[PDB]
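In the block that follows, a single chain appears as structure tokens, in the form deposited in one PDB entry.
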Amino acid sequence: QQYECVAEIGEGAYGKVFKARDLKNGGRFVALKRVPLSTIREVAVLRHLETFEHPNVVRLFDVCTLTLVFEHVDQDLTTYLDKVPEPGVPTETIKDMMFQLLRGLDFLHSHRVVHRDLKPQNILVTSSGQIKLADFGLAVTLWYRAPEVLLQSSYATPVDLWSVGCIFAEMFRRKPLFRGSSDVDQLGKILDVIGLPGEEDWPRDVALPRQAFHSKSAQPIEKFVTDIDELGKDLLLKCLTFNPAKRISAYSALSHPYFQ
């Protein structure tokens, strides 16, 4: 066999993911995920995106015929944040890591692919300090979920920029912003901070009415994220817009004055 399983990374959600040895290619570490026609189209898309070899998405090495073979990265964002020396992440490091993130996201959005579960645990940091995206394109924590996903209203690309706002905040605080035990609790936490949207912004034909949430004003963001720039504040707000339509795009965000 070309691969020897040595460890189980974890997840176990869609399937069991193993860290192995690529015996045929110099014993480099790889990540394996052993897993109808809707799945066959899911992998065709991954193989297709590998052709452009974007630097800010994890590399897909092979598809054995069913196991998927990715490069292994030893580290994720949470572990980087765990082990970052106090006072924490230099603001210039935040800017670049973010820039790498939106570049990966724009690449995916451009080819009409949504991550749908963008969290710090499937954001990889290579030894070279490069950002790589993982665990997307194949069908527990709600802390990074867009309001539309929670409300079961829309599941479009704006969802992934909501998650980016959440992560952007977490790079200063080094603690998650919205920690909900459930979808409604999650929704509660969000509206405590960003405030109650207008009725025109609340999607129609949805279980949860705007009237299940009370006294929600609009807390200034500096209170939750300190040592944040004016330009960073501007960008964070356009990402954490309640209405997916009024929310900024990855392409549009890559041009924001914050990055200059």
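Think of the rigid core as the biggest set of C-alphas that the two forms share within 1.5 Å after superposition. The numbering used is simple: start at 1 and walk along the sequence shown.
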| Is residue 217 a gap in at least one third of the other compared entries? | yes
| request: Indicate whether the chain is continuous between residue 65 and residue 66 or, if not, how many deposited residues are absent from the coordinates: none, 1 to 3, 4 to 9, or 10 or more. | output: 4 to 9
| From residue 139 on to residue 140, does the model leave out none, 1 to 3, 4 to 9, or 10 or more residues of the deposited sequence? | 10 or more
| message | Averaging CA B factors per stretch from the PDB record, which one is higher: 69 to 77 or 82 to 90? | response | 82 to 90
| Mean Cα B-factor comparison, 240 to 248 or 5 to 13, giving the higher one as deposited | 5 to 13
| field | Which of 45, 58, 31, 231 ranks first by CA B-factor in the deposited coordinates | value | 231
| query | Taking the values straight from the PDB record, which of 181, 163, 121, 157 has the highest C-alpha temperature factor? | reply | 181
| query | Mind checking which third residue 222 falls in for C-alpha B-factor across the chain? | reply | highest
| task | Relative to the other modelled residues of the same chain, rank the CA B-factor of residue 192 and answer lowest, middle or highest third. | result | middle
| query | With respect to C-alpha B-factor, does residue 54 fall in the lowest, middle or highest third of the chain as deposited? | reply | lowest
| Which third, lowest, middle or highest, does the CA B-factor of residue 95 fall in along this chain? | middle
| remark: So, residue 132's CA B-factor, relative to its chain, sits in which third? The lowest
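This next part talks about the form deposited in another entry, which is not shown.
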| query | Core aligned, does the CA of residue 18 move at least 2 Å between this form and the one not shown? | reply | yes
| task | Could you check whether the CA atom of residue 6 moves 2 Å or more between this form and the one not shown, using the rigid core for the fit? | result | yes
| Rigid core fitted, then: does residue 29 show a CA shift of 2 angstroms or greater between this form and the one not shown? | yes
